[PDB]
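Enquirer: Would you mind keeping the following structure in view while I ask a few things?
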Amino acid sequence: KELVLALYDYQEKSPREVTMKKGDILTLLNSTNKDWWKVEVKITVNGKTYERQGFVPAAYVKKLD
Ligand SMILES: [Cl-]
Ligand SMILES: [Cl-]
């Protein structure tokens, strides 16, 4: 899929948002809302990869693709 770069830190404002740190690279899922983009974060637990999706401000991310 498409990637985006975190321009600035962002603290999630609800469970439906994701927290970013400046310099993070995330997957872009949906950018059709002008203000809020749905992105995807990955974690690993015991060597297995899980994913969580949620909104961040479109202005806080830059498309890399
Ligand atoms: Cl920052
Ligand atoms: Cl962009």
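For the sequence shown, position 15 (counting from the first letter as 1) is numbered 1020 according to the deposited numbering, and the numbering increases by one without interruption.
Think of the CB as a built atom: it goes at the ideal place given N, C-alpha and C, for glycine as much as any other residue.
In terms of residue numbering, what span does the beta strand (DSSP E) encompassing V1046 cover?
Expert: Numbered from its first residue, the sequence shown carries residue 1046 at position 41. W1041 to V1050 is the span of the beta strand (DSSP E), which, as asked, contains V1046.
Enquirer: Could you tell me whether any non-hydrogen atom of ligand 2 is closer than 6 Å to the CB of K1043?
Expert: In the sequence shown, residue 1043 corresponds to position 38, counting from 1. Outside the cutoff, so no.
Enquirer: Does the distance between the C-beta of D1029 and the nearest non-hydrogen atom of ligand 1 fall short of 6 Å?
Expert: By one-based count along the sequence shown, residue 1029 stands at place 24. False, no ligand heavy atom lies under 6 Å from that Cβ.
Enquirer: List the whole-angstrom C-beta distance separating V1044 from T1032, where the pair is believed to meet the contact cut-off of C-beta under 8 Å.
Expert: Position 39 of the sequence shown, counted from the start, is the residue given in the question as residue 1044. Position 27 of the sequence shown, counted from the start, is the residue given in the question as residue 1032. Going by Cβ atoms, the distance from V1044 to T1032 rounds to 6 Å, so yes, they are a contact pair.
Enquirer: Between the C-alpha atoms of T1049 and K1039, what's the straight-line distance to the nearest angstrom?
Expert: Taking the sequence shown and counting its residues from 1, the one referred to as residue 1049 is at position 44. Taking the sequence shown and counting its residues from 1, the one referred to as residue 1039 is at position 34. Approximately 31 Å, taken between the alpha carbons.
Enquirer: Put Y1065 into one of helix, strand or coil per three-state DSSP.
Expert: Position 60 of the sequence shown, counting from 1, holds the residue named residue 1065. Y1065 falls in the helix class under three-state DSSP.
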